[PDB]
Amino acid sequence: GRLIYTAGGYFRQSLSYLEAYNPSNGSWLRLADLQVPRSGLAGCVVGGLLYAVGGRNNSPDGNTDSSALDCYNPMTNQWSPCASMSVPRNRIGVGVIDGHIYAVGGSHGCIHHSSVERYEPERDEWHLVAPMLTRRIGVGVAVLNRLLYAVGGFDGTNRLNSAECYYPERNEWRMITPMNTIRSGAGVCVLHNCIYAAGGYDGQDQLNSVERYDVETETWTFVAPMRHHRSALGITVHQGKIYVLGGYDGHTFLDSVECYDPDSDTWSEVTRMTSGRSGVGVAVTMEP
C-alpha cells in the first residue's frame, strides 16, 4: 500500500518530523526523524525512496539554509545523506523526470535563485542545467508529460503570477500563460492533463482559490476553492485526488488535510495532521 509522507515543516521552529498518512484507514505513523530539522524543503520519490531536498533550519540558535539531499528508505526506516546541491535552497521546488531530481530556485540569505540543478541517483551527483528566466523562491514545481513547470513564487521584489516550462532535450525554459492570481507559497501538482496551483499568498492575503493549467489549451481555469485559506502548504496526488496538508492562514498553523475530487469538483476534510505546521515536504511511496 502507498502512504503520504510529510517531512519537516515549521511550528515555533523548524521541525524534524517524518510522519506518514494512510488514506485507506486514516492512520498516521511517526517514523524516523530527519537528521537536521528543516522547513521550506521539498519532498519527492525516485525508485521507492523518499528524498528531502533543501529548506532551512530556522532554530532558536539561528537560520541556516540547506543545500542537503537526504534519502529515506521505508524498508529500513533510516535516513541517509546524499551529495549536496551547489547552493543552499530555502523554499525550493522539485520535480522528478526520468529518474532524475530537478531542484529549482529557492533562496540563500537575500539571494533569490534562478538556477536549476539535476541529481542523478545512479552516480550520486548534481549538475547545473539552464537557469529559469525568472528568480523564484516559494515556487511550485510539477512534472507533466516529462516536462518541468515552475509556477509563481517571489523574485526578490515582487510576488509572481508568471510560470514557465523546461524542455529537457533543448535545455531551455520558456514562459507559459501566467496564472489569473499572483501566488507565492502555493502548492503545485499535476492531475490528469493539468497543472494545479492551490493556495499561496498574493501579497495581501493567504488564498483558498485553486486554478489549473491545461497544457493543450494553454489556459488557466479556477476550480472549487479549498475550505481553508493556506500558504506554504504541502501537496500531493494519491489515486486521482489532490491532498493539501497544513500551511499557514495568517492566524493558525493548520493541521487540516483536504482532498479534492476532480470528478465532483469538491473538496472535503479527510484527516488532521498530528500538529499544525507550515513548509512541509510531501511525497507518496510504499508503507514502511
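The first residue of the sequence shown is number 1, and the count goes up from there.
Averaged over their C-alpha atoms, the temperature factors of 64 to 72 and 246 to 254 are higher for 246 to 254. With 203 to 211 and 186 to 194 compared on mean CA B-factor from the PDB entry, the stretch scoring higher is 203 to 211. For the set 27, 231, 221, 39, the PDB entry assigns the largest Cα B-factor to 27. For the set 90, 177, 77, 115, the PDB entry assigns the largest Cα B-factor to 77. Among all modelled residues in its chain, residue 81 ranks in the highest third by Cα B-factor. When all modelled residues of the chain are sorted by CA temperature factor, residue 217 is found within the highest third.
Placement of the Cα temperature factor of residue 171 within the chain: middle third of the modelled residues, per the deposited record. Annotation for residue 58: CA B-factor lies in the middle third of the chain's modelled residues.
When the modelled residues of the chain are ordered by their C-alpha B factor, residue 164 lands in the lowest third.
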